[PDB]
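Structural description and commentary
What follows is each chain in one-letter form.
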Amino acid sequence: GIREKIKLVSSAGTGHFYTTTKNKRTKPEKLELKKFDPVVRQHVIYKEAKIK
Amino acid sequence: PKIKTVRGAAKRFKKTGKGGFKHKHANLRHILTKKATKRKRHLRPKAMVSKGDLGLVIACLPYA
Amino acid sequence: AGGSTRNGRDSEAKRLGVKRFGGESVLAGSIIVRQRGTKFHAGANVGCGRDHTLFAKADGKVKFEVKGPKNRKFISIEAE
Amino acid sequence: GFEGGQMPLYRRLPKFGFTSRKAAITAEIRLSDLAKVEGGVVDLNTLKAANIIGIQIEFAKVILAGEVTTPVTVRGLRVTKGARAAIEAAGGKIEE
RNA sequence: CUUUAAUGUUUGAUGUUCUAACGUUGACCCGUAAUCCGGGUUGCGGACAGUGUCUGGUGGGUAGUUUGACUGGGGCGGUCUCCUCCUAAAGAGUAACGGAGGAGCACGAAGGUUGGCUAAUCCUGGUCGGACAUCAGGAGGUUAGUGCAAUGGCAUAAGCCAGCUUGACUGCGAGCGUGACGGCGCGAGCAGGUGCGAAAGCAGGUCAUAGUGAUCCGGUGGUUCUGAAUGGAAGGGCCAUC
RNA sequence: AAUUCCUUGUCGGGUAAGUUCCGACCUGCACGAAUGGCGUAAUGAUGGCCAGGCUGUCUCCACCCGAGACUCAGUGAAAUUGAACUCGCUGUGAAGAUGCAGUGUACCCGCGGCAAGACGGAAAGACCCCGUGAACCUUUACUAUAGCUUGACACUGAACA
RNA sequence: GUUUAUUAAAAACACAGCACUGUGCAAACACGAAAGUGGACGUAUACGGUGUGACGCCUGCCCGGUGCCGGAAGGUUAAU
RNA sequence: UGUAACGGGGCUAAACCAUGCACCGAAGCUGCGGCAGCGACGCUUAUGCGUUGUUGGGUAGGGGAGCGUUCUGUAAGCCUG
RNA sequence: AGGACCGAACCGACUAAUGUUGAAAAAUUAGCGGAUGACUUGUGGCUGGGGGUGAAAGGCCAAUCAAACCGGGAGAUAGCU
RNA sequence: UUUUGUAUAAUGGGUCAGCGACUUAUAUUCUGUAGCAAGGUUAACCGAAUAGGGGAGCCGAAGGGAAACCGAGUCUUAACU
RNA sequence: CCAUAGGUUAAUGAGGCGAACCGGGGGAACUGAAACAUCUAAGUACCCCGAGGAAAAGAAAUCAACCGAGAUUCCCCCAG
Ligand SMILES: [Mg+2]
Ligand SMILES: [Mg+2]
Ligand SMILES: [Mg+2]
Ligand SMILES: [Mg+2]
Ligand SMILES: [Mg+2]
Ligand SMILES: [Mg+2]
Ligand SMILES: [Mg+2]
Ligand SMILES: [Mg+2]
Ligand SMILES: [Mg+2]
Ligand SMILES: [Mg+2]
Ligand SMILES: [Mg+2]
Ligand SMILES: [Mg+2]
Ligand SMILES: [Mg+2]
Ligand SMILES: [Mg+2]
Ligand SMILES: [Mg+2]
Ligand SMILES: [Mg+2]
Ligand SMILES: [Mg+2]
Ligand SMILES: [Mg+2]
Ligand SMILES: [Mg+2]
Ligand SMILES: [Mg+2]
Ligand SMILES: [Mg+2]
Ligand SMILES: [Mg+2]
Ligand SMILES: [Mg+2]
Ligand SMILES: [Mg+2]
Ligand SMILES: [Mg+2]
Ligand SMILES: [Mg+2]
Ligand SMILES: [Mg+2]
Ligand SMILES: [Mg+2]
Ligand SMILES: [Mg+2]
Ligand SMILES: [Mg+2]
Ligand SMILES: [Mg+2]
Ligand SMILES: [Mg+2]
Ligand SMILES: [Mg+2]
Ligand SMILES: [Mg+2]
Ligand SMILES: [Mg+2]
Ligand SMILES: [Mg+2]
Ligand SMILES: [Mg+2]
Ligand SMILES: [Mg+2]
Ligand SMILES: [Mg+2]
Ligand SMILES: [Mg+2]
Ligand SMILES: [Mg+2]
Ligand SMILES: [Mg+2]
Ligand SMILES: [Mg+2]
Ligand SMILES: [Mg+2]
Ligand SMILES: [Mg+2]
Ligand SMILES: [Mg+2]
Ligand SMILES: [Mg+2]
Ligand SMILES: [Mg+2]
Ligand SMILES: [Mg+2]
Ligand SMILES: [Mg+2]
Ligand SMILES: [Mg+2]
Ligand SMILES: [Mg+2]
Ligand SMILES: [Mg+2]
Ligand SMILES: [Mg+2]
Ligand SMILES: [Mg+2]
Ligand SMILES: [Mg+2]
Ligand SMILES: [Mg+2]
Ligand SMILES: [Mg+2]
Ligand SMILES: [Mg+2]
Ligand SMILES: [Mg+2]
Ligand SMILES: [Mg+2]
Ligand SMILES: [Mg+2]
Ligand SMILES: [Mg+2]
Ligand SMILES: [Mg+2]
Ligand SMILES: [Mg+2]
Ligand SMILES: [Mg+2]
Ligand SMILES: [Mg+2]
Ligand SMILES: [Mg+2]
Ligand SMILES: [Mg+2]
Ligand SMILES: [Mg+2]
Ligand SMILES: [Mg+2]
Ligand SMILES: [Mg+2]
Ligand SMILES: [Mg+2]
Ligand SMILES: [Mg+2]
Ligand SMILES: [Mg+2]
């Protein structure tokens with residue numbers, strides 16, 4: 001279970017977040033995906049943040 | 001003496017109009033990133049208590 | 001006293017099979033077949049699920065039939 | 001609730017919600033209760049005198065249930081839409 | 001400021017001595033006709049010791065308890081959840097300490113879409129080069145492949161390449177399947193917003209079936225929903241999540 | 001070997017013959033030096049072995065003396081007990097029959113004796129298992145704790161460096 | 001010599017002796033919430049505990065583990 | 001332990017095979033009589049009265065209807081030297 | 001002189017037989033050990049229950065002891081019979 | 001009685017007579033029955049008193065939602081075919 | 001030294017018993033939790049002290065909620 005879990009924070013200013021997993025050993029670079037933000041009702045770039 | 005209410009069931013169940021009991025679904029408290037969103041979406045709304053396990057609730061909740 | 005084993009296991013029965021047979025009127029969305037592969041195939045007004053589950057897209061009677069050059073088994077919903 | 005040692009339903013299942021203290025001091029009123037007061041005016045103190053809502057009550061709504069056949073002044077209470085129409089049709093005067 | 005002198009007090013540490021607390025199971029006197037006690041003189045010690053509260057350590061000296069089930073008797077050994085096949089008697093289901101194998105993950109591409117492609121093995125010829133690298137033709141026709149076990153599937157490929165990308169979307173969900181229940185599963189379609197494609201259309205993770213853990217308690221972000229005189233706040237609730 | 005599983009180890013002695021004994025060997029399953037090692041005179045209601053004497057221990061029992069047992073008179077229990085008109089055999093059958101089936105045998109009732117059976121009597125098996133029973137005991141099981149110990153503050157002050 | 005009164009008198013316990021160790025006296029220790037008492041009207045040739053068990057010859061190697069003793073430079077560490 | 005491997009006696013069929021007609025044989029079926037339950041149907045319910053079918057083994061257990069006892073009222077009544 | 005010897009009282013209890021609803025809820029008969037000593041015995045006293053005492057057997061503490069007896073919590077609990 | 005199952009050689013009872021085991025209280029639900037009926041009902045207490053008073057209260061006639069709140073609708077959701 | 005401690009007389013009072021109720025100082029466990037340790041049982045049982053015919057408490061540094069109430073004690077509700 002080396003594949004740790006992270007969260008994809010909206011870059012729309014909302015504190016909305018998707019949660020997911022990654023292998024930080026093999027993918028050290030940050031994950032950036034364009035996902036839907038249901039508060040703004042737009043597709044916004046989410047960025048990887050810590051699950052905390 | 002009066003019957004005493006099982007206070008956990010009183011914190012977990014509510015009587016509806018026709019006498020049924022509503023309750024929250026389980027499995028929605030943690031471990032939530034691996035579960036599909038469809039599953040969670042079908043777990044947010046309250047559900048009715050089934051006919052089989054409705055007798056134990058009525059026995060625990062005599063005062064509605 | 002003595003012995004052991006290594007063969008005690010088995011899994012639960014998934015309750016596959018054909019839930020509604022031919023000439024049997026169904027509603028839309030009714031599961032017809034649960035299956036692993038495409039042992040059957042989806043014909044008219046019949047969808048194939050994520051797990052190769054065959055469900056009805058419409059209402060009507062079930063029709064089993066063999067088509068194609070490979071003699072594969074298709075399931076269709078006749079209109080009614 | 002004992003199911004053997006199986007975890008009973010009231011512990012498998014989660015707690016939810018909280019209890020509103022304000023709900024204990026709110027009340028709902030039929031339209032049929034409006035005739036039981038005297039004077040044709042409806043307050044909290046009038047309803048409490050008519051023994052309808054209770055003493056500790058501080059809020060009350062009037063709900064479309066039953067029917068009223070007399071003009072009644074409603075004062076200081078919330079009114080639903082159907083009760084507002086029925087009161088105003090029977091001659092009432094909803095105020096604050 | 002870097003690098004610091006005077007004076008003084010606020011004061012701690014460490015000794016140094018003292019006596020007045022305190023101790024004396026040292027001597028003497030009196031109560032007293034008394035090896036208790038108390039008082040008095042004195043000597044020694046002396047703010048130590050010793051007691052109270054707090055606190056760390058040790059503590060079977062003592063006490064309260066726990067120390068699983070299945071089981072061709074019990075123990076020992078093995079097992080306990082999930083997946084696949086057989087047993088299973090041509091729907092489903094079906095037991096044994098019955099026969100055989102696996103799982104407790106992985107992937108930001110190994111997903112989506114568009115476009116295209118089609119294996120294994122062997123034969124012959126051919127530089128290093130050889131049973132076996134790469135190359136060309138032929139047979140063959142999936143005997144291969146499928147991220148991993150097995151089974152069922154797979155050519156319209158679900159298999160293999162490349163381009164663009166994030167539908168590995170949010171709210172819902174007719175209707176069914178499966179379970180005693182908790183619960184688990186399939187799902188067209190609707191609304192919003194998106195990707196690929198000329199378009200029809202497809203996409204709500206992966207060919208499917210294992211890859212998991214209730215509740216409580218607690219943590220994090222968001223949300224005025226609540227807010228014990230009032231305004232806030234704490235706390236709680238709801239949504240997401242650990 | 002109070003220790004040796006294999007083991008009645010092997011050899012010797014003793015005996016007609018000795019799984020025991022004694023003495024040796026050492027291949028010590030798994031002795032060993034103050035949870036003492038090896039010896040040791042005396043002692044021991046101590047353990048093992050041998051011999052002499054003795055003898056009913058026995059070969060193999062016989063007779064006798066007394067106390068009961070037996071009979072009469074007097075007093076007069078007990079455990080136990082579903083009810084009894086309470087045989088054998090073979091078979092059957094909750095799987096070992098007085099009671100069933102088939103068959104055989106047997107006039108009714110006592111007394112003295114024996115004890116094969118009545119799965120005889122006695123004691124809700126002590127073995128075994130179970131119980132989310134108990135008790136006691138142990139410990140580097142868990143949680144506590146007396147006790148011992150550390151330091152802080154108080155009772156507790158004055159000076160000088 | 002003692003012992004399981006009532007199935008075990010023994011090879012078991014004890015014993016004189018030996019050794020280790022603690023204890024400086026208001027002794028250690030023990031009974032006691034405490035006062036006190038025993039130790040002991042005794043003072044290390046004494047007292048307590050532990051093991052061994054007359055006598056004779058002896059008592060070998062290991063301090064890694066667990067304990068105990070001693071150390072106090074450093075690390076960590078409570079209340080405050 | 002005693003024949004003791006047809007239930008026994010006994011059987012040369014009183015065994016076996018085939019075919020056939022008889023008969024025995026159960027608390028089964030039928031007959032006669034009687035009780036009760038549930039349904040029909042009609043009455044005209046005293047809410048039950050005919051007819052009618054049919055049912056009636058039963059543990060745990062569920063349901064329904066009753067007997068009797070002691071005491072209180074009815075009862076300063078009634079029975080009783 | 002002697003925790004010396006033999007051996008009665010006295011103290012004890014090694015063996016056998018009897019008895020085992022006994023004469024006896026541990027004894028009798030025949031033998032047995034110590035018998036001036038760590039002896040034995042009379043009277044009175046003291047130690048109290050997780051406590052005493054114990055030449056140590058988990059022995060004894062009123063015919064009861066791996067925690068006495070009496071009363072109470074108490075109608076403990078008993079998924080067992 | 002317990003049992004898959006007992007003539008069982010499984011338990012229990014020597015016999016008789018007497019006693020001897022599903023109760024009581026308060027809450028709650030269902031059924032029946034009775035009273036009133038969108039209403040029903042009082043408790044404490046007063047009262048000389050099983051009356052009457054007493055409606056404090058309780059249940060019911062409206063729900064949904066965690067809640068504010070809305071209300072024959074409401075919640076979910078930006079919004080629901 | 002005074003003094004004080006102490007001594008002696010005298011006067012008044014107390015002491016002990018007793019059913020329950022009462023206030024207070026101490027204070028269990030079985031049990032239940034289907035085990036058990038927090039918890040429960042339960043401030044119960046028990047022990048002790050003191051009092052009265054009753055005791056205790058008691059005349060707001062109280063509640064309320066921007067309206068107001070007006071010591072204590074007891075009962076029915078609130079409300080499982
Ligand atoms: Mg949550
Ligand atoms: Mg469990
Ligand atoms: Mg009212
Ligand atoms: Mg213990
Ligand atoms: Mg306990
Ligand atoms: Mg077991
Ligand atoms: Mg076994
Ligand atoms: Mg099948
Ligand atoms: Mg079948
Ligand atoms: Mg793939
Ligand atoms: Mg394609
Ligand atoms: Mg080649
Ligand atoms: Mg796969
Ligand atoms: Mg918990
Ligand atoms: Mg506030
Ligand atoms: Mg607010
Ligand atoms: Mg050995
Ligand atoms: Mg041997
Ligand atoms: Mg020999
Ligand atoms: Mg011999
Ligand atoms: Mg020898
Ligand atoms: Mg040894
Ligand atoms: Mg040694
Ligand atoms: Mg020795
Ligand atoms: Mg001796
Ligand atoms: Mg006689
Ligand atoms: Mg008798
Ligand atoms: Mg027999
Ligand atoms: Mg005879
Ligand atoms: Mg006999
Ligand atoms: Mg005899
Ligand atoms: Mg017997
Ligand atoms: Mg028994
Ligand atoms: Mg003795
Ligand atoms: Mg003695
Ligand atoms: Mg004895
Ligand atoms: Mg003896
Ligand atoms: Mg002293
Ligand atoms: Mg020794
Ligand atoms: Mg040594
Ligand atoms: Mg060491
Ligand atoms: Mg040290
Ligand atoms: Mg014979
Ligand atoms: Mg014939
Ligand atoms: Mg005939
Ligand atoms: Mg007949
Ligand atoms: Mg018949
Ligand atoms: Mg008839
Ligand atoms: Mg019949
Ligand atoms: Mg019947
Ligand atoms: Mg002597
Ligand atoms: Mg004698
Ligand atoms: Mg002698
Ligand atoms: Mg022992
Ligand atoms: Mg005794
Ligand atoms: Mg005790
Ligand atoms: Mg005890
Ligand atoms: Mg009790
Ligand atoms: Mg009892
Ligand atoms: Mg019986
Ligand atoms: Mg049995
Ligand atoms: Mg049965
Ligand atoms: Mg049996
Ligand atoms: Mg029978
Ligand atoms: Mg018999
Ligand atoms: Mg019997
Ligand atoms: Mg039995
Ligand atoms: Mg009997
Ligand atoms: Mg009832
Ligand atoms: Mg009723
Ligand atoms: Mg709706
Ligand atoms: Mg307890
Ligand atoms: Mg318990
Ligand atoms: Mg007073
Ligand atoms: Mg004011």
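Conventions used here
Residues numbered from 1 in each chain as written, not as in the entry; some residues may be left out. Chains lettered and ligands numbered in written order. Part of a larger assembly, values for the part shown. Heavy atoms only, no water. Helix = DSSP H or I, 4+ residues; strand = E, 2+ residues; numbered from the N terminus. Rg over C-alpha atoms; globule rule 2.2 N^0.38 Å. Buried < 20%, exposed > 50% of the residue type's maximum accessible area, 1.4 Å probe, protein only. Contact = heavy atoms within 4.5 Å. Areas by Shrake-Rupley, 256 points an atom, 1.4 Å probe, with all protein chains shown as cover. Pairing = 2+ DSSP bridges. 1 Å grid on protein atoms, 1.4 Å probe; cavity = no way out; pocket = protein on both sides within 12 Å on 5 of 7 lines; lining within 4 Å. Points joined across faces, edges and corners; volume = space filled by probe spheres on them. Nonpolar A, V, L, I, M, F, W, Y, C, P; charged D, E, K, R; others polar. Buried area = accessible area lost by both parts, 1.4 Å probe. Salt bridge = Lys/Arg side-chain N within 4 Å of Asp/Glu carboxyl O. Polar contact = N/O pair within 3.5 Å; in protein donor to acceptor, adjacent residues only side chain to side chain. Core = buried A, V, L, I, M, F, W, Y, C linked by side-chain atoms within 4.5 Å.

Structure determination for the deposited model, as stated in its record, used cryo-EM, and the stated resolution is 3 Å.

Naming follows the PDB entry, where chain B appears as 50S ribosomal protein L35 of Escherichia coli.

Chain A appears in the PDB entry as 50S ribosomal protein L33 from Escherichia coli.

Here we come to the overall build of chain B. Along chain B, the regular secondary structure elements total three helices and three strands. The helix and strand sequence of chain B, counted from the amino end, reads α-β-β-α-β-α. A compact globule built from 64 residues should have a C-alpha radius of gyration of about 11 Å, whereas chain B, at 14 Å, is more than 25% larger. Each principal axis of the C-alpha atoms in chain B carries an extent, and together these give about 50 × 25 × 20 Å. Split into buried and exposed, the 64 residues of chain B put 25% on the buried side. Within chain B, contacts between residues at least 6 apart in sequence are counted, and of these 55% link residues at least 24 apart. Per element, the accessible surface of chain B, about 4700 Å² overall, is 57% carbon and sulfur.

To continue, consider the sheet that holds strand β1 (residues 13–15) of chain B. Residue and element names in this part refer to chain B. The strand order across the open sheet formed by three strands is β1-β2-β3, and the pairing between neighbours is antiparallel. Two strands close off the open sheet at either side, each with one partner strand: β1 and β3 (47–48). Where strand β2 (residues 21–23) meets β3, two bridges bridge the pair, whose relative direction is antiparallel. Across the sheet, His 23 pairs through a bridge with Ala 47, a residue of β3.

The next subject is the layout of surface pockets. Size it by volume and the largest pocket reaches roughly 410 Å³. Forming the walls of the largest pocket are 14 residues, and the residues nearest its centre are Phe 17, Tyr 18 and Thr 19 of chain A together with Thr 37 and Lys 40 of chain B. Looking at the lining of the largest pocket, the elements that each hand over two or more residues are β2 (17–22) of chain A together with α2 (37–41) of chain B. Counted by class, the lining of the largest pocket contains six nonpolar, four polar and four charged residues. For the second largest pocket, the calculated volume is near 340 Å³.

All names here are of chain C. Pairing in this open sheet of four strands is antiparallel, and the strands run β1-β2-β5-β4 from one edge to the other. Only two strands of the sheet have a single partner each, and these edge strands are β1 (17–18) and β4 (46–48). Where β4 and strand β5 (residues 54–56) come together, three bridges link them in antiparallel fashion. Within the sheet, the bridge partner assigned to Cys 48 lies in β5 and is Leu 54.

What follows is about the arrangement of the chains. Counting contacts across all two pairs of chains that touch, the top-ranked interface belongs to chains B and D. These two, chain A and chain D, are apart from each other, with no contact and a minimum C-alpha gap of 23 Å. The closest approach of any C-alpha atom in chain C to one in chain D is 21 Å; the two make no contact.

Bringing the interface of chain B and chain D into the picture now. Taken together, the 17 residues of chain B in the interface contact 10 residues of chain D. When chain B packs against chain D, the two sides together hide about 1300 Å² of surface, and 70% of this comes from carbon and sulfur. Counting across the interface, chain B meets chain D through zero salt bridges. For the interface between chain B and chain D, the tally reads four residue pairs in polar contact. If you list the elements that add at least two residues to the side of chain B that touches chain D, you get β1, β2 and α3 (55–60) of chain B.

This brings us to the nonpolar core. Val 62, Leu 77 and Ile 87 of chain D are the most contacted members of the largest nonpolar core, which totals 19 residues. Non-local contacts of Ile 87 of chain D, meaning those with residues more than four positions away in its chain, are made with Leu 31, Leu 34, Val 72, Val 74, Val 79, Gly 92, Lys 93 and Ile 94 of chain D. By size, the runner-up hydrophobic cluster in this structure holds 10 residues, among which are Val 26, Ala 56, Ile 75 and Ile 77 of chain C.

Looking now at the pairing of strand β7 (residues 72–78) of chain C. Residue and element names in this part refer to chain C. Where strand β3 (residues 41–42) and β7 come together, two bridges link them in parallel fashion. Its bridge partner lying in β7, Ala 42 is registered against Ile 75. Between strand β6 (residues 61–67) and β7, which follow one another and run antiparallel, lie four residues, and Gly 68 among them has a positive phi close to 80 degrees.

Scanning the model with the defined rule gives one cavity of 30 Å³ or more in all. One number sums up the size of the largest cavity: a volume of about 70 Å³. Taken together, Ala 9, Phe 13, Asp 53, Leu 56, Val 57 and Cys 60 of chain B together with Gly 1, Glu 3, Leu 9 and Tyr 10 of chain D make up the full set of residues lining the largest cavity. Breaking the lining of the largest cavity down by element, the ones donating at least two residues are α3 of chain B together with α1 (9–12) of chain D. Broken down by element, the lining of the largest cavity gets its largest block of residues, three residues, from α3 of chain B. Among the residues forming the lining of the largest cavity, the class breakdown is seven nonpolar, one polar and two charged.

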